[PDB]
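Trainee: Going down the list, the sequences are from chains A, B, C, D, E and F. According to the UniProt record's numbering, the first sequence is numbered sequentially starting from 2. According to the UniProt record's numbering, the second sequence is numbered sequentially starting from 2. According to the UniProt record's numbering, the third sequence is numbered sequentially starting from 2. According to the UniProt record's numbering, the fourth sequence is numbered sequentially starting from 2. According to the UniProt record's numbering, the fifth sequence is numbered sequentially starting from 2. According to the UniProt record's numbering, the sixth sequence is numbered sequentially starting from 2.
There are 6 protein chains.
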Amino acid sequence: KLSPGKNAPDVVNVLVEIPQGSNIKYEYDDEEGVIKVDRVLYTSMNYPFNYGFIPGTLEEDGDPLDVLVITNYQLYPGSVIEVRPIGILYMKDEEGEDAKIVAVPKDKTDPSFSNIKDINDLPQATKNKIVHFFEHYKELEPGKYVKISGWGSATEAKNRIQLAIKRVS
Amino acid sequence: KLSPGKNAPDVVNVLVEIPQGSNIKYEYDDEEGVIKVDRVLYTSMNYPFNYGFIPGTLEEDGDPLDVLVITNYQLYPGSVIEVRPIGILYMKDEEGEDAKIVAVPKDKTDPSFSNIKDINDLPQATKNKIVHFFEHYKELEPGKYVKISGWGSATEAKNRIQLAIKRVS
Amino acid sequence: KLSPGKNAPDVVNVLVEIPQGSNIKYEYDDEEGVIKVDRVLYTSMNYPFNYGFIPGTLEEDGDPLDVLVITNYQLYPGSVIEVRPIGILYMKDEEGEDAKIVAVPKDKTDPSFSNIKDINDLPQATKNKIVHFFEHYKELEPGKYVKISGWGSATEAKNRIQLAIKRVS
Amino acid sequence: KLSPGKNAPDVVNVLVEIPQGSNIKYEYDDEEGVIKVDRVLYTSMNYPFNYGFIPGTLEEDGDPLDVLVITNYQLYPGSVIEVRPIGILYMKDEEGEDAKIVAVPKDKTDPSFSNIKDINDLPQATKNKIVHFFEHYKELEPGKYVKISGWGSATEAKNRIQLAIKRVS
Amino acid sequence: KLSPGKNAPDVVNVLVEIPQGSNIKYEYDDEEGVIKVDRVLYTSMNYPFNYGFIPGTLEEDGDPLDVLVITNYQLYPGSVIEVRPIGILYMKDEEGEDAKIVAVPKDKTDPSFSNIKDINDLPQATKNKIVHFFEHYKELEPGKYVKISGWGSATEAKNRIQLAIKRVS
Amino acid sequence: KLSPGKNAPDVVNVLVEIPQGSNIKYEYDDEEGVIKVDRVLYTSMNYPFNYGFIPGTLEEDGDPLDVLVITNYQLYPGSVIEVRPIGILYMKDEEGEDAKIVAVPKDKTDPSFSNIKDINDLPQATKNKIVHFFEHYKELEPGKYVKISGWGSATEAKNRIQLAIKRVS
Ligand SMILES: [Mg+2]
Ligand SMILES: [Mg+2]
Ligand SMILES: [Mg+2]
Ligand SMILES: [Mg+2]
Ligand SMILES: [Mg+2]
Ligand SMILES: [Mg+2]
């Protein structure tokens, strides 16, 4: 009942699962059609961004493409927001390779993020925080782990989204 | 899947979209069936009431009738509450004429609003706050504006709801 | 669209209606498919636990089986969490007999409740708080009342869930 | 270093100890000059008002006169607010007789409480909530109890404040 | 008992009075030594920044120099934070001329604001929000008003702070 | 103006600096007598406990003895609470050796922690969370680091407190 957006990949729809600041990992279950509590982070950390996925996309891992929506406020689990991809984050975990889109709200939704057009527009401190988060929030979970490969530019991210949409199309 | 209520217009159902205190304009999309983030208020203001609409009603502007639910607590976006209309607010914006119902929770739901039976039961300060809100929260948005015409009594509001229901029913 | 869980009664699904700390009694309406606001507690109290029901179960009172999910954080109304029943609470109200399951999140979801395996693992103070809550939160409501009969063990609770599931299944 | 106010008893200073909605009983210790945590309510209730005392007053019980500040927002422990007494609440506990002033913020501070000039201006539901609170929040505490005698008018309250001030000054 | 800071004007101490997001105007009273509640904004707006003053400074208006601390989190009323002035805001109100320093936390305190070195580093949207705030938050107050003259650079701000300190020193 | 408590080391006073859940490192400055914002954690973590120190104590590092107050609620910065030491945490950082007391509120203050009498009463998950926190929250800060040596029993903790008090007295 949801699509990636008429203007993909320049602007895409993101269904929020985890509000920013949260320390509870919610996960949207398309089958049952509900937001399920996967697990309460075993570490004393919290999501430094709103987390969700672009509906109508499919990655090589069989899952829709994830998005790290950067704002200074939280959104409600299950709400949809239109974002602008500004980059991509490459990483490897116990399951294998993975990539997550990094985005800010589209300009008309929140004009205070208009100057952030690419991953290099983010303060170094913010990038370090995000990287550190992914590399330590699952540590205390038996057999899990994450290692950040590197970052990608907005153009790169836009491509990943294109393929992800094509796979389902 | 929702109706205005078996006791309309004395008591009607309101599907909440924007929780009170919020500064993010959420919008319920009946098509996709989700709560979408329209935009984050460009001004440093926040909704002085829970905002939503009466399902199963239609106004001359092609949209369902809006309601300003007055309480001293927030409700969750997407939840339904039974209210008592106590008035109506008339205004004009860039799109034209508009009217919004003003209501408090029905007595059984919250007996602390039982003595507020009509618009004149609200403190002058509260009315001024609401009027000022509508006249300034969109200011910074290009080409958008709002001007309050005046207020209407509960009886007036009950009528508006009656017509709005007929149009559909 | 929801079930009690593949591992019932050892681990069951609970659809949350009232987040912990809340003083607003939300109700999930399966018909309309929405979370409605039943009422705002007339007393100055708040739910000392996340409240919800096990989907796909039926009790002698014609309603699904309730669950008191104990955690130190709130969950979003309408979200599903997997719990471990650790006990049962027996009570009688104006409508008659009633029983409510007491549970903690399943181990993988929140390993900090792993030591709590049965009702006697809960501090006496916590039990007194819960009992006192049920016996006083409806007091100010005309003709309503609740009296706690006693507590049951985890095994007892697991049985109640078994029957409740069979009735429907 | 604090006084009851230049306009006592029409408008008095109230040093807030317990923010509204709180379930932790804070107490201001004039000796040490700090806000101490007396106890965390044993019951699942919370203060339906901001609680504090009028500095520079003394009652027959050797303690300053208490005030129940009614607002729809919380104030910070240790902050001072100017209120308008609108009534008085008479009660008896394990220690003996007691009276607590009921007030709303002074008009200039919050004009939305301007219509509430006396205790009878408060909704019945609000009064019942407050009374029920005092009669049940200490129940689970060994040997403590409270019974509400009745209410007093604003004029009555203004007198109590006058005496309480004279005793000290 | 507080000073502007050993590194003034490059880094100065700011005693916070109003936490960001607040809609209650708190005021630090050096005499009584407490945080008072001046009033509750009559408009439905809230401070888009943490507000406070640099202790040990004096302006031509007889008051210490104000500071608009920009962060994406709130600080506790009465707490001190070390900031970096990045600009100054010139305005006119019913009382006359006025200037307010604009600052971000010093780098060690919060390295995510390190890239904001001057007023022109702030998004246009953020500046518009702040300006709009000052020009409308007092509107509903009888006889009050504010008009923004313009902005000043960090160097300008550093000078204002220098004078303000010498007046007292 | 504050002491460790008449019943030290069985029950001691703890002046709270950092409320639980916080991600801003507040620090009490006895000189200026204010709560200062040291820094906003560079990592996406938050204090899994209320943090503070026992007034009137001195450790070999020239600083008062720290305490990790464990509760499921936050306390206000600058407030004092009476705790029961249940253990001690040994660690080493860039500055050298360090020990921090672990405590729960005294029984009368919060009877729901009465069953936790020693460090081994805490769930393994909780201990892992605390250890992981200390070992990663300063990581992104240049030249800082922390390594946990091990835990100590309540008796051990009581001794450390005794010496720390003796040094000052
Ligand atoms: Mg993936
Ligand atoms: Mg309309
Ligand atoms: Mg039942
Ligand atoms: Mg008394
Ligand atoms: Mg000035
Ligand atoms: Mg130390």
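No residue lacks a Cβ here, since even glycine has one placed at the ideal position from N, Cα and C.
Quick check: is the beta carbon of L69 of chain A nearer than 9 Å to any beta carbon in chain B?
Mentor: no
Trainee: Starting from the C-beta of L141 of chain A, find all residues in its chain whose C-beta is less than 8 Å away, skip the five residues before and the five after it, and write them out in chain order.
Mentor: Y43, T44
Trainee: So is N73 of chain E buried or exposed if we call it buried at 16+ other beta carbons inside 10 Å?
Mentor: exposed
Trainee: Should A100 of chain B be counted as a contact of ligand 2 given a C-beta to heavy atom distance under 8 Å?
Mentor: yes
Trainee: If we define contact as Cβ-Cβ less than 9 Å, is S115 of chain C a contact residue for chain A?
Mentor: no
Trainee: Exposed or buried, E83 of chain A, counting other C-beta atoms within 10 Å across all chains shown (16 or more means buried)?
Mentor: buried
Trainee: Would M46 of chain B count as contacting chain E if we go by Cβ distances under 9 Å?
Mentor: yes
Trainee: Run through the DSSP bridge pairs and tell me what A104 of chain B is partnered with.
Mentor: DSSP lists B:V70, B:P86 as partners of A104 of chain B.
Trainee: Could you work out which residues of chain F lie near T110 of chain C, taking near to mean beta carbons separated by less than 8 Å?
Mentor: Result: empty, since nearest Cβ-Cβ is about 12 Å, beyond 8 Å.
Trainee: What residues from chain C crowd round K2 of chain B, counting only those whose CB sits closer than 7 Å?
Mentor: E33, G34
Trainee: Looking at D94 of chain C and ligand 2, is the gap between the Cβ and the nearest heavy atom below 8 Å?
Mentor: no
Trainee: Using a threshold of 8 Å, is the CB atom of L141 of chain D nearer than that to any non-hydrogen atom of ligand 2?
Mentor: Closer than 8 Å to some heavy atom of ligand 2: that does not describe the Cβ of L141 of chain D.
Trainee: Should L164 of chain C be counted as a contact of ligand 3 given a C-beta to heavy atom distance under 8 Å?
Mentor: For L164 of chain C, the distance from the CB to the nearest heavy atom of ligand 3 is not below 8 Å.
Trainee: With DSSP as the reference, label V12 of chain C as helix, strand or coil.
Mentor: coil
Trainee: Rounded to whole angstroms, what's the CA-CA distance from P78 of chain D to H133 of chain C? Just pull it up for me.
Mentor: 28 Å
Trainee: If residue 1 of chain B and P10 of chain B are in contact, beta carbons under 8 Å, what's the gap, nearest whole angstrom?
Mentor: Residue 1 of chain B lies beyond the stretch modelled for chain B, which goes from 2 to 170, so this question has no answer here.
Trainee: Applying the criterion that 16 or more other CB atoms from any shown protein chain within 10 Å of the CB defines a buried residue, is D31 of chain C buried or exposed?
Mentor: exposed
Trainee: Does ligand 4 have a heavy atom nearer than 8 Å to the CB of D39 of chain D?
Mentor: no
Trainee: Listed in chain order, which residues of the segment 119-149 of chain A have Cβ atoms closer than 7 Å to some Cβ of chain E?
Mentor: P124, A126, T127
Trainee: So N129 of chain C is in the alpha helix (DSSP H); what residue range does that whole segment cover?
Mentor: 125-137
Trainee: Measure how close the beta-carbons of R85 of chain C and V12 of chain C come, nearest whole angstrom, since I'm counting them as under 8 Å.
Mentor: 6 Å
Trainee: Helix, strand or coil for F54 of chain C, going by three-state DSSP, please let me know.
Mentor: strand
Trainee: Thinking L69 of chain A and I102 of chain A are a contact (beta carbons under 8 Å), I'd like their distance in whole angstroms, please.
Mentor: Yes, they are in contact, since the Cβ atoms of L69 of chain A and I102 of chain A sit about 7 Å apart, within 8 Å.
Trainee: Alpha carbon to alpha carbon, what distance is there between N129 of chain B and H137 of chain E?
Mentor: 13 Å
Trainee: One question on the structure: do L90 of chain B and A104 of chain B come within less than 9 Å of each other, judged by their Cβ atoms?
Mentor: In this structure, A104 of chain B does not lie closer than 9 Å to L90 of chain B by Cβ.
Trainee: Compile a chain-ordered list of the residues in the segment 77-94 of chain F whose CB is closer than 9 Å to at least one CB of chain E.
Mentor: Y77, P78, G79
Trainee: Count the other CB atoms within 10 Å of the CB of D67 of chain D; is the residue buried (16 or more) or exposed (fewer)?
Mentor: buried
Trainee: Determine the burial state of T156 of chain C: buried for a count of at least 16 other Cβ atoms within 10 Å of its Cβ, exposed for fewer.
Mentor: exposed
Trainee: So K148 of chain F and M92 of chain F are supposed to be a Cβ contact under 8 Å. How far apart are they, rounded?
Mentor: Sure, about 6 Å apart at Cβ, within 8 Å.
Trainee: Are the beta-carbon atoms of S4 of chain C and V38 of chain A separated by less than 9 Å?
Mentor: no
Trainee: With respect to the alpha helix (DSSP H) encompassing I166 of chain A, which residues constitute its N-terminal and C-terminal limits?
Mentor: 155-169
Trainee: Using 9 Å as the threshold, is the C-beta distance between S170 of chain E and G6 of chain E below it?
Mentor: no
Trainee: Of the residues C:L59, C:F54, C:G144, which one's Cα is nearest the Cα of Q163 of chain C?
Mentor: C:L59
Trainee: I need the DSSP call for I117 of chain A, collapsed to helix, strand or coil.
Mentor: coil
Trainee: What is the C-beta distance between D94 of chain B and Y29 of chain B, in whole angstroms, given that I count them as a contact (C-beta under 8 Å)?
Mentor: Contact between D94 of chain B and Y29 of chain B does not hold, since their C-beta atoms are separated by about 20 Å, which reaches or exceeds 8 Å.
Trainee: Which same chain residues end up closer than 7 Å to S150 of chain C when comparing Cβ atoms and leaving out the 5 residues on each side of it in sequence?
Mentor: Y91, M92, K93
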